[PDB]
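One file, target_18.pdb, is given below (PDB, C-alpha atoms (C1' of nucleotides)).
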```pdb
ATOM      1  CA  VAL A   1     107.637 125.970  79.544
ATOM      2  CA  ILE A   2     107.203 127.540  76.088
ATOM      3  CA  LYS A   3     110.097 129.913  75.415
ATOM      4  CA  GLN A   4     110.635 130.541  71.699
ATOM      5  CA  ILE A   5     108.627 129.776  68.554
ATOM      6  CA  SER A   6     109.964 130.203  65.022
ATOM      7  CA  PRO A   7     107.833 131.725  62.248
ATOM      8  CA  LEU A   8     105.725 129.105  60.508
ATOM      9  CA  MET A   9     107.542 127.702  57.483
ATOM     10  CA  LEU A  10     106.349 126.161  54.226
ATOM     11  CA  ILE A  11     108.440 123.007  53.787
ATOM     12  CA  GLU A  12     108.478 120.869  50.645
ATOM     13  CA  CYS A  13     109.153 117.149  51.119
ATOM     14  CA  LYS A  14     110.418 115.329  48.038
ATOM     15  CA  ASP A  15     110.242 111.645  47.157
ATOM     16  CA  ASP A  16     113.896 111.345  48.162
ATOM     17  CA  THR A  17     113.027 112.118  51.771
ATOM     18  CA  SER A  18     116.493 113.188  52.923
ATOM     19  CA  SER A  19     116.284 116.938  52.281
ATOM     20  CA  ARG A  20     113.535 119.511  52.788
ATOM     21  CA  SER A  21     113.040 122.665  50.721
ATOM     22  CA  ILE A  22     111.941 125.751  52.658
ATOM     23  CA  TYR A  23     109.733 128.159  50.709
ATOM     24  CA  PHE A  24     109.571 131.895  51.423
ATOM     25  CA  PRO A  25     107.461 134.651  49.838
ATOM     26  CA  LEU A  26     109.180 136.359  46.933
ATOM     27  CA  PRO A  27     110.716 139.712  47.939
ATOM     28  CA  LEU A  28     108.782 142.600  46.433
ATOM     29  CA  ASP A  29     112.003 143.973  44.892
ATOM     30  CA  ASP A  30     113.121 140.702  43.286
ATOM     31  CA  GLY A  31     114.244 141.027  39.683
ATOM     32  CA  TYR A  32     114.466 144.824  39.947
ATOM     33  CA  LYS A  33     117.262 147.254  40.796
ATOM     34  CA  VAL A  34     116.603 150.280  43.016
ATOM     35  CA  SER A  35     119.277 152.980  43.022
ATOM     36  CA  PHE A  36     118.195 156.144  44.913
ATOM     37  CA  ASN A  37     120.444 158.530  43.014
ATOM     38  CA  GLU A  38     121.914 161.074  45.436
ATOM     39  CA  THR A  39     122.959 163.901  43.112
ATOM     40  CA  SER A  40     120.588 165.999  45.291
ATOM     41  CA  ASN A  41     118.138 168.789  44.350
ATOM     42  CA  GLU A  42     116.930 166.645  41.430
ATOM     43  CA  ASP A  43     113.635 165.208  42.702
ATOM     44  CA  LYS A  44     112.289 164.354  46.151
ATOM     45  CA  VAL A  45     109.300 162.195  47.036
ATOM     46  CA  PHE A  46     107.041 163.402  49.851
ATOM     47  CA  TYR A  47     105.449 160.342  51.454
ATOM     48  CA  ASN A  48     102.640 162.128  53.327
ATOM     49  CA  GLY A  49     104.925 165.113  53.880
ATOM     50  CA  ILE A  50     108.270 163.471  54.732
ATOM     51  CA  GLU A  51     111.351 163.909  52.561
ATOM     52  CA  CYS A  52     112.618 160.862  50.670
ATOM     53  CA  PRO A  53     114.980 160.350  47.714
ATOM     54  CA  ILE A  54     113.422 159.369  44.403
ATOM     55  CA  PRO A  55     113.272 155.569  43.890
ATOM     56  CA  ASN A  56     114.735 155.017  40.421
ATOM     57  CA  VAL A  57     113.904 151.402  39.544
ATOM     58  CA  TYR A  58     114.975 149.197  36.638
ATOM     59  CA  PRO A  59     114.501 145.514  35.815
ATOM     60  CA  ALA A  60     117.657 143.482  36.407
ATOM     61  CA  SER A  61     117.795 142.247  32.810
ATOM     62  CA  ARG A  62     116.667 150.197  30.057
ATOM     63  CA  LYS A  63     112.986 150.447  30.968
ATOM     64  CA  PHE A  64     111.274 151.505  34.191
ATOM     65  CA  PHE A  65     108.845 149.878  36.609
ATOM     66  CA  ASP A  66     105.864 148.646  34.591
ATOM     67  CA  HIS A  67     103.212 147.942  37.216
ATOM     68  CA  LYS A  68     101.212 146.179  34.489
ATOM     69  CA  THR A  69     103.853 143.418  34.516
ATOM     70  CA  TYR A  70     104.649 143.447  38.251
ATOM     71  CA  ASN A  71     103.752 140.038  39.677
ATOM     72  CA  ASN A  72     106.167 139.377  42.566
ATOM     73  CA  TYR A  73     103.234 139.228  45.003
ATOM     74  CA  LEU A  74     101.932 136.060  43.297
ATOM     75  CA  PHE A  75     105.186 134.102  43.674
ATOM     76  CA  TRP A  76     106.837 132.111  46.445
ATOM     77  CA  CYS A  77     110.544 131.323  46.354
ATOM     78  CA  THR A  78     113.026 128.734  47.594
ATOM     79  CA  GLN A  79     116.768 128.165  47.441
ATOM     80  CA  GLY A  80     118.199 126.247  44.509
ATOM     81  CA  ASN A  81     121.801 125.315  43.751
ATOM     82  CA  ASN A  82     121.758 127.999  41.041
ATOM     83  CA  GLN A  83     119.108 130.729  40.822
ATOM     84  CA  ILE A  84     115.943 131.275  42.873
ATOM     85  CA  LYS A  85     113.048 128.932  42.104
ATOM     86  CA  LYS A  86     109.733 130.773  41.714
ATOM     87  CA  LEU A  87     106.531 128.896  42.556
ATOM     88  CA  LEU A  88     103.109 130.414  41.963
ATOM     89  CA  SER A  89     100.746 130.595  44.923
ATOM     90  CA  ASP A  90      98.218 128.779  42.733
ATOM     91  CA  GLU A  91     100.541 125.767  42.431
ATOM     92  CA  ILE A  92     100.890 125.556  46.237
ATOM     93  CA  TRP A  93      97.398 126.262  47.609
ATOM     94  CA  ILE A  94      94.160 124.769  46.278
ATOM     95  CA  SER A  95      91.055 126.768  47.191
ATOM     96  CA  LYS A  96      87.395 125.760  47.164
ATOM     97  CA  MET A  97      84.296 127.675  48.239
ATOM     98  CA  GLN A  98      81.663 125.756  50.205
ATOM     99  CA  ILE A  99      78.002 126.731  50.520
ATOM    100  CA  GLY A 100      76.406 126.145  53.898
ATOM    101  CA  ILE A 101      72.913 126.415  55.374
ATOM    102  CA  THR A 102      71.078 125.291  58.493
ATOM    103  CA  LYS A 103      68.150 123.023  57.666
ATOM    104  CA  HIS A 104      64.913 124.733  58.688
ATOM    105  CA  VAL A 105      63.392 122.763  61.558
ATOM    106  CA  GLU A 106      59.853 124.128  61.710
ATOM    107  CA  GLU A 107      57.678 124.834  64.765
ATOM    108  CA  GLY A 108      60.477 127.162  65.861
ATOM    109  CA  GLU A 109      63.277 129.562  64.890
ATOM    110  CA  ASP A 110      63.383 132.740  62.849
ATOM    111  CA  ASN A 111      66.440 131.142  61.232
ATOM    112  CA  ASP A 112      65.955 131.363  57.519
ATOM    113  CA  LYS A 113      68.990 133.670  57.826
ATOM    114  CA  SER A 114      71.476 130.759  58.082
ATOM    115  CA  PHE A 115      73.216 130.950  54.701
ATOM    116  CA  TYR A 116      76.941 131.393  54.158
ATOM    117  CA  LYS A 117      79.943 130.682  51.949
ATOM    118  CA  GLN A 118      83.320 129.579  53.291
ATOM    119  CA  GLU A 119      86.748 129.215  51.700
ATOM    120  CA  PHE A 120      88.781 126.075  52.376
ATOM    121  CA  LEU A 121      92.458 125.693  51.501
ATOM    122  CA  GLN A 122      94.322 122.488  50.666
ATOM    123  CA  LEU A 123      98.090 122.137  50.512
ATOM    124  CA  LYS A 124      99.777 120.417  47.599
ATOM    125  CA  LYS A 125     100.715 116.820  48.288
ATOM    126  CA  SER A 126     104.417 117.555  48.873
ATOM    127  CA  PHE A 127     103.933 120.645  51.079
ATOM    128  CA  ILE A 128     103.708 120.761  54.883
ATOM    129  CA  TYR A 129     103.785 123.428  57.587
ATOM    130  CA  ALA A 130     106.608 123.585  60.113
ATOM    131  CA  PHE A 131     108.099 125.706  62.882
ATOM    132  CA  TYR A 132     110.679 125.464  65.665
TER     133      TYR A 132
ATOM    134  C1'   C B   1      15.446  60.757 -44.851
ATOM    135  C1'   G B   2      17.664  57.719 -41.286
ATOM    136  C1'   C B   3      21.502  57.389 -37.548
ATOM    137  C1'   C B   4      25.439  59.685 -34.678
ATOM    138  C1'   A B   5      29.073  63.320 -31.149
ATOM    139  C1'   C B   6      33.817  64.849 -29.844
ATOM    140  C1'   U B   7      37.354  69.159 -28.180
ATOM    141  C1'   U B   8      38.913  73.346 -25.070
ATOM    142  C1'   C B   9      38.439  75.144 -18.632
ATOM    143  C1'   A B  10      44.180  81.432 -17.285
ATOM    144  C1'   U B  11      47.758  83.276 -18.886
ATOM    145  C1'   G B  12      50.690  87.928 -19.096
ATOM    146  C1'   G B  13      51.175  93.140 -16.266
ATOM    147  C1'   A B  14      50.775  96.188 -11.800
ATOM    148  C1'   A B  15      52.334  93.562  -5.627
ATOM    149  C1'   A B  16      52.624  99.740  -2.983
ATOM    150  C1'   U B  17      53.729 105.179  -4.304
ATOM    151  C1'   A B  18      54.318 110.475  -2.438
ATOM    152  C1'   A B  19      53.333 114.399   1.888
ATOM    153  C1'   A B  20      54.070 115.362   6.871
ATOM    154  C1'   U B  21      59.240 112.666  10.957
ATOM    155  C1'   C B  22      57.406 116.333  16.079
ATOM    156  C1'   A B  23      55.521 121.545  16.563
ATOM    157  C1'   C B  24      54.477 125.638  20.610
ATOM    158  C1'   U B  25      55.002 126.863  25.816
ATOM    159  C1'   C B  26      57.633 126.658  30.191
ATOM    160  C1'   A B  27      64.610 126.012  30.375
ATOM    161  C1'   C B  28      64.172 127.109  36.826
ATOM    162  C1'   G B  29      60.337 130.357  40.276
ATOM    163  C1'   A B  30      60.117 131.774  45.823
ATOM    164  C1'   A B  31      62.936 131.811  50.818
ATOM    165  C1'   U B  32      67.891 132.320  53.004
ATOM    166  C1'   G B  33      73.017 136.839  51.303
ATOM    167  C1'   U B  34      74.550 135.017  57.386
ATOM    168  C1'   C B  35      72.597 133.447  62.349
ATOM    169  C1'   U B  36      73.436 131.790  67.844
ATOM    170  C1'   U B  37      77.240 131.741  71.805
TER     171        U B  37
END
```

Using the file provided, produce a representation of the structure as structure tokens.
Amino acid sequence: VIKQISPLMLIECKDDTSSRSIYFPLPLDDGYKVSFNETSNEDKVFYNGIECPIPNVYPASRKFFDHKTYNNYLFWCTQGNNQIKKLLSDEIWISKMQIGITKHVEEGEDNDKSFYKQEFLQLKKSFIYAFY
RNA sequence: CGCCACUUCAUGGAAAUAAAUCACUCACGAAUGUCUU
């Protein structure tokens, strides 16, 4: 009976529980302009041997792509009635590392080798998962 | 030469002062760094 499942969504539920904000990962090109100048014979990238035009990139605010300041991969985004709201992944997900062992019950087992660390994630109080 | 006793019974000063006030050592050691379905 299952026919169609939507991609899992990150939904924010506010105190005024009448509207929900859907959060998406920030596009990797956000805040930057990519042109691909086509004057030809200028410069061609070879991605593992395939022809491709050169990706001229500028911030949408010139200078070039400074990968020392590139941080779009750390941000999640949602629609606002203005610009795009950027939320850090830190502010959404809380992470803790848990140490675990199996208590050595003697008269048996070669299991001193039971020793591990696990990562557990907690969602912020206003954030839930959803899909259709 | 004889005769004969009274008076006085602790005041002042010092009443604690300096030195050391914790020292050295150990401040985590060994096992497990994944295992069984």

Based on all atoms listed in the file, which of the residues in chain B come within 12 Å of chain A? I want them as a PyMOL selection string.
chain B and resi 31-36

Can you tell me how far atom CA of residue A:124 sits from atom CA of residue A:87, in Å to one decimal?
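Rounded to one decimal, the two atoms are 12.0 Å apart.
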
Distance criterion (only C-alpha atoms): nearest to residue A:75 out of A:61, A:93, A:56, A:98
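Among the listed residues, A:93 lies closest to residue A:75.
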
One number please: atom CA of residue A:69 to atom CA of residue A:36, in Å, one decimal.
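Atom-to-atom, atom CA of residue A:69 to atom CA of residue A:36, that is 21.8 Å.
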
Length of the atom CA of residue A:11 to atom CA of residue A:86 vector [Å]:
14.4 Å

If you apply the PyMOL selection byres ((chain A and resi 33) around 9) to this file, what residues do you get, as a PyMOL selection string?
chain A and resi 29-32+34-35+56-60

Once the PyMOL selection byres ((chain A and resi 76-85) around 8) has been applied to the shown file, what residues remain in the selection, as a ChimeraX atom specification?
/A:21-26,74-75,86-89

Around (91.2, 129.1, 46.3), as given in the file, which residues come within 10 Å? Count all atoms listed in the file and list them as a short mmCIF file (atom, residue, chain, number, x, y, z; two decimals) with C-alpha atoms, in the frame of the given file.
```cif
data_model
loop_
_atom_site.label_atom_id
_atom_site.label_comp_id
_atom_site.auth_asym_id
_atom_site.auth_seq_id
_atom_site.Cartn_x
_atom_site.Cartn_y
_atom_site.Cartn_z
CA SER A 89 100.75 130.60 44.92
CA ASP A 90 98.22 128.78 42.73
CA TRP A 93 97.40 126.26 47.61
CA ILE A 94 94.16 124.77 46.28
CA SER A 95 91.06 126.77 47.19
CA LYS A 96 87.40 125.76 47.16
CA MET A 97 84.30 127.68 48.24
CA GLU A 119 86.75 129.22 51.70
CA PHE A 120 88.78 126.08 52.38
CA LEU A 121 92.46 125.69 51.50
CA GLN A 122 94.32 122.49 50.67
#
```

Let me have the centre and edge lengths of the axis-aligned box enclosing all listed atoms of stretch 79-83 of chain A with 4 Å padding on every side, in Å to one decimal, as JSON.
```
{"center_x": 119.3, "center_y": 128.0, "center_z": 44.1, "size_x": 13.0, "size_y": 13.4, "size_z": 14.6}
```
